[PDB]
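Quick heads-up: it's one chain on its own, the form deposited in one PDB entry, in structure tokens.
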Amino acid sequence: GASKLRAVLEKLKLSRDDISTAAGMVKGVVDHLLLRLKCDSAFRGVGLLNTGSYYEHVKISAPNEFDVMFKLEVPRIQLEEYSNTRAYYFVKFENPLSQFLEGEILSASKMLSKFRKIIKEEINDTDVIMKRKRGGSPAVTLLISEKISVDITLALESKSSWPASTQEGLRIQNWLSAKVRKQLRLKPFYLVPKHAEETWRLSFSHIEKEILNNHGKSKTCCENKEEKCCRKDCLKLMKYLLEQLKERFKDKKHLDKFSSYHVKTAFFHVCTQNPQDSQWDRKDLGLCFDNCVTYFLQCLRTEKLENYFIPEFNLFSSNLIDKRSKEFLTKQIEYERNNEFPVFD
């Protein structure tokens, strides 16, 4: 444990907890968008994923940045792995999405261009302007007033068994048990637009809250005084460590490809590595956060960070992130641990 780390966590808790109208402004915009979308022939079956919450945030230090998902149920889906990528698929199949068919394969580009057209129109009809940024996921980014920012992703939902590329993924059997792994694999999966082309990426982002809210080997982890663990605290600190380094070097482009997602992935790989709750004692926050920082550094150096669900998908391959960018971050983190983590004060 370290006192500095707890002070950072106390600051992050107060920004998250204090009175804010922001969620209300976002709910207003989202509820309005959903109504204009449910009238469209193609987006009629659109539903907000997790209709009840605090809307989900991409940043632990930014209370004004929101992350939202609109899902479309896609029964009787045929998936085809593109170029042996393990995570990117062609979507094959009347139905409402038959309009976006280009032969047999579903067009994401055309679906996103339509989704954008409808949102861009609703923006004019409280001031909400669509941020100029263009990319498949998030499909849309809105700036509400001056401070509030909302990412909106359009995703396809499938209730069929997870694709074969996931068979060895979610290696939680020595931590959460074989019984829990089997229960989670019965949950749906998502397909989001992203190029490896008219390819969709497999997404399991919805599995995170399931694990975070029931994260111990003991069924009573964090339910009493005797069983207080630091797993959630280590993830918040790992995320905050990346966010602060990204902010510091925003004028350069060396940390542009790194995201909270990479930090989450490496963190859950440490959970598999250290499955016992005794390896996560609240008193050992310092050493636990150190095990996290060390593992992430090893990922950067070896250029290896497997998708937690798709083991043959390396998020740190040279083709996705060049070595110079990795070596830059490796140098910045190594500086932070050798200087009592200055980004935290």
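For every residue, the number given is its place in the sequence shown, counted from 1. Basically, rigid core = biggest C-alpha set you can superpose within 1.5 Å across the two forms.
The same protein also exists as the form deposited in another entry; that form is not shown, yet it is the one meant from here on.
Peer 1: Quick one: with the rigid core lined up, which of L106, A139, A266, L202 moves its CA 2 Å or more between this form and the one not shown?
Peer 2: Among the listed residues, the one whose C-alpha moves by 2 Å or more is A139.
Peer 1: Please determine whether the C-alpha atom of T294 is displaced by 2 Å or more between this form and the one not shown following superposition on the rigid core.
Peer 2: Comparing forms between this form and the one not shown, the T294 CA shifts below 2 Å.
Peer 1: Taking the rigid core as the reference frame, tell me whether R337 has a CA displacement of 2 angstroms or more between this form and the one not shown.
Peer 2: After core superposition, the displacement of the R337 C-alpha between this form and the one not shown stays below 2 Å, so no.
Peer 1: Take the rigid core as the frame of reference and indicate whether the C-alpha of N319 shifts by 2 Å or more between this form and the one not shown.
Peer 2: After core superposition, the displacement of the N319 C-alpha between this form and the one not shown stays below 2 Å, so no.
Peer 1: Work out the direction of the Cα-Cα change for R16 and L242 in the other form: closer or farther than in this form? It's 3 angstroms or more.
Peer 2: So the answer is farther.
Peer 1: Which is it in the other form for the CA atoms of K239 and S15, closer or farther than here, knowing they shift by 3 Å or more?
Peer 2: Farther apart, by at least 3 Å.
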